[PDB]
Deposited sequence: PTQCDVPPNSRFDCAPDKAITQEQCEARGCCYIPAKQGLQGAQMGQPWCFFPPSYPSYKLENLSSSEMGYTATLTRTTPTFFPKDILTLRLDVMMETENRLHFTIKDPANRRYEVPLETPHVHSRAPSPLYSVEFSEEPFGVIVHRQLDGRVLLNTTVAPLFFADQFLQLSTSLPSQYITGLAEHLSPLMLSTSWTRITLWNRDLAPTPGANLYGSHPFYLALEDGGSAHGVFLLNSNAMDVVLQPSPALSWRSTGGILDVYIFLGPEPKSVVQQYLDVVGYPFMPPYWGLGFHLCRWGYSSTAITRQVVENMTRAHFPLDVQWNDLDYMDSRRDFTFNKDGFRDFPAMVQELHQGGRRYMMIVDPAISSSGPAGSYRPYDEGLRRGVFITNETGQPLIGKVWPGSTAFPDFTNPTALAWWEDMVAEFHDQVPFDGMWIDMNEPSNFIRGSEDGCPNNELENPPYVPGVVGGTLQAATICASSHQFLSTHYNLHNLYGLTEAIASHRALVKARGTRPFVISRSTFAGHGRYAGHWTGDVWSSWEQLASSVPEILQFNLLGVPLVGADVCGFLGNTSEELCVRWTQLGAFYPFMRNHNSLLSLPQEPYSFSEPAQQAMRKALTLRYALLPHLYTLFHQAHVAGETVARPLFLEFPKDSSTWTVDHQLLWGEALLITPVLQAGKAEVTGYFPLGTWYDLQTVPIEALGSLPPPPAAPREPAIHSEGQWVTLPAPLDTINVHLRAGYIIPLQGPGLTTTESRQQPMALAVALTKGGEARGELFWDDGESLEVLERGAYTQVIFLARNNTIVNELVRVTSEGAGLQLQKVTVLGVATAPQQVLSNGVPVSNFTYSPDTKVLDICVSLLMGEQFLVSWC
């Protein structure tokens, strides 16, 4: 047929709900053409398939409103035949539209609200929204490409994509750039060890699409229901959600970093972590007493390994229950944590969401009080839904209930009164259930058995979690499931603020869009494998683009047994995770830095030492994330979008604009090949911290670098200045040391950098102005600071070393504030000028040479 002449790559599936025969396909009013070898749909929509018609388009002060009408039913039940379209032109960068049922309030995700670069026009029949980039006329969105479906439990909205390059749609084990070859991406939070093609712990319905020439846009669908996102190679995308409404934001960039910042303007800028949170964290399942746990710190200390935060897993609890500690191995738990604090370290422990429900009445306050106050998710007969997790039978708190929030704050404060822990590791908050749904199964209804089930592991919404039709304060679990973790992270953030009075530190397994405003994330139960080491790079980068910059993987891997070589390379790379924790499973061989051979220990110690030297810089990068929606770890394409060679690179990463990390990610290698964008890149090993080229002069090219077992390649971009600080086994110690600058000159002698400094943990620092901020500038053989703000926290900072890279000629003299310096060295082979000074970050200085 004429209408069935649709190019293969542009066929949209008219049988996404079930296996179909040719006769049934045709009776739907669809085209049946088998592919010649999910894949390309054999049953697909002709361009005439019934959609909605636009009627009564009107122009308001905020934008546009219209009615959308479907005349012919779809093959799903409960089509909503009359919809309302609202288009809001919110800023020059942000376009917002919604499609709703004007006759019924439908579930919506709870969220605080925050010439243009876009234009918008509409197709009448079939209905579509078309968004152009005004500067070049590129079509960014065109929803005319397939029918709009809007049924009670099935929404589908499709669009063309501007290129084959698209990233986002966490959480999945994938390259940073997603495959457009008939790929079904499922968002349904699920406790499963990361494996390819699976819905994992978190769900972020946001994508960033690259455009030829290096501009980009982003799209956020504000919808928390179970969904599939289907990418096809035309290229095009289909959102398929199981409930809610279509609430769509388009972010115009044009730069990828701006797209990310614009997205974070809606969902929230990243929270500012405490400085100590950027130190090394060490944990395992199996530190089964305070004595053993104390030995970890002792063993790290004796072998000169920095450690800011000691953790415990389930070991601490009384019979694996929250807000208890056993009176055998952990009898003296309070004293252990007090002692940690006396030495300048912090303490973290695991908290699960589910609460043991099986104890005698009156014997377990978290449950007894939860029951009294009605804090738990309830079932059909109004009683707590009971599942099974680590303690046995458990009820599940409803973190959408304000009373549950108050209860959680209370349980956290009461436990903190016994043991003064410094944050919360919130696990199992998908929510995870070791049985299907509940001890009593689940009822048979349309929420438990919906007409479209996304491609979830196990083929049901109840698999490894609770019943979809269970009740929460705001809605059913069906609607709220993908928010469970997020809502717990918000509750825990608030609880920690109230209990401790300083910045919270929450690390969560499950996440949703906006998570980064409250908490960080670790990537869960990764294997100790070379595969998963390599896969951690794109995953950490992905979460940075999603505004969760406090992210990392379990260093050396969680599951199975690490090898020495793997743990060296994983420690080297993982020292560049913004959140750095080595964590290990119960039955695995030990993998603490001190448990390896001497050469391995040296390499691991070096990795940790370099991280601690860089902490002032890392902290400043977090400040930029927090105040301007920047990324901390970023892919090369975020920083060099106009170099199309960067677009598929995800085994290198940047810290901010200027530090390029090129890890070895394979066994047996003593070299690595990395992409170097146009520029001069100085080898960071030429900066004295306490055939290798000193500078890579790149045109935009791949470069093979020596990378023996003791080495990770780290390069500093010309034009940038990096603040550093002296060593310590903790940040309590390190923050008191002298600082240094590493100054990477351009060929013309230019560089710029910055330092942000506050007390490291107080609330409302920016609001109160309790911070110091300094800019550094190199120009014409001088280095100066520029004092943006100087306060008490910052006025003691001693600058004792200035290292200048790319100094072509040996200076005859070096001056600090007009006075010849006590000592400097120049190396003619590396072009490094190293200068001892006695200066203050917060007082104006001028260092010069000639």
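Undergrad: Unmodelled stretches of the deposited sequence, numbered from 1?
TA: Missing C-alpha atoms (numbering from 1) occur across the ranges 38-43, 121-127, 704-714.
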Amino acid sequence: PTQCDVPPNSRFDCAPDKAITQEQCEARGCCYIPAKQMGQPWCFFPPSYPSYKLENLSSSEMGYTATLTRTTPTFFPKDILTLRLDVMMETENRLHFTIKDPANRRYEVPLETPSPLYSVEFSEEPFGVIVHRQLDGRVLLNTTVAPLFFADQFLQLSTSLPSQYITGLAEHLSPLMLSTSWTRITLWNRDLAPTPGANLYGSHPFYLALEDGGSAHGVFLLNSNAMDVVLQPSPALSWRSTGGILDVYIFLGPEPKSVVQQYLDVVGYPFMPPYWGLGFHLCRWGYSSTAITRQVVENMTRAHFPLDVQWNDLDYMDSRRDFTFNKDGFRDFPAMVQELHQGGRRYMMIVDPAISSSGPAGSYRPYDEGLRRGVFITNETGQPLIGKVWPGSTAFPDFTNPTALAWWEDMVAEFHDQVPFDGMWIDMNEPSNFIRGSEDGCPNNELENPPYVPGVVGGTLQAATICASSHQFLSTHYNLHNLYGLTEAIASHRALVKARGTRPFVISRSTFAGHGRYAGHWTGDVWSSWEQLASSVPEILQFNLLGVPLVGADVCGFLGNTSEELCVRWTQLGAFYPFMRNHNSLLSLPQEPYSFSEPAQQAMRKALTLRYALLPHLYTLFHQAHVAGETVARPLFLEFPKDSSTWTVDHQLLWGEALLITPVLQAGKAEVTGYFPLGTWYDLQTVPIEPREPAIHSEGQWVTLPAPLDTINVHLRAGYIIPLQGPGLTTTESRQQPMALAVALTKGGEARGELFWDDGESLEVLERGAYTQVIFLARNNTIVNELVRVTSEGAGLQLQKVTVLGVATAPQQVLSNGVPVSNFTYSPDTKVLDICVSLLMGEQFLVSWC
From here on, numbers count along this sequence of modelled residues.
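Undergrad: Is it true that at least a third of the other compared entries have no coordinates for residue 322?
TA: That residue is present in all of the other compared entries.
Undergrad: Is it true that residue 710 goes unbuilt in a third or more of the other compared entries of this protein?
TA: Comparison shows residue 710 kept in all of the other entries.
Undergrad: Using only C-alpha atoms and the B-factors in the entry, which stretch averages higher, 756-764 or 217-225?
TA: Stretch with the greater average CA B-factor: 756-764.
Undergrad: Look over 678-686 and 313-321 in the entry and identify the one with the greater average Cα temperature factor.
TA: 678-686 has the higher mean C-alpha B-factor.
Undergrad: Looking at the C-alpha B-factor values in the deposited entry, which of 587, 537, 259, 615 comes out highest?
TA: Comparing C-alpha B-factors across 587, 537, 259, 615, the top value belongs to 587.
Undergrad: Please pick out which of 482, 476, 242, 648 has the largest Cα B-factor as recorded in the entry.
TA: By C-alpha B-factor in the record, 648 ranks first.
Undergrad: Check where residue 733 lands among this chain's C-alpha B-factors and tell me if it's the lowest, middle or highest third.
TA: Its C-alpha B-factor, which the entry lists for residue 733, ranks in the highest third among residues of this chain.
Undergrad: Would the CA B-factor of residue 332 place it in the lowest, middle or highest third of its chain?
TA: Highest third, going by the recorded CA B-factors of the chain.
Undergrad: Thinking about Cα B factors across the chain, which third does residue 489 belong to?
TA: Lowest third of the chain for residue 489's C-alpha B-factor.
Undergrad: Comparing against every modelled residue in the chain, figure out the third that the C-alpha B-factor of residue 382 lands in (lowest, middle or highest).
TA: Its C-alpha B-factor, which the entry lists for residue 382, ranks in the highest third among residues of this chain.
Undergrad: Please say which third, lowest, middle or highest, residue 197 falls into when its CA temperature factor is compared across its chain.
TA: Ranked within chain, residue 197 CA B lands in the highest tercile.
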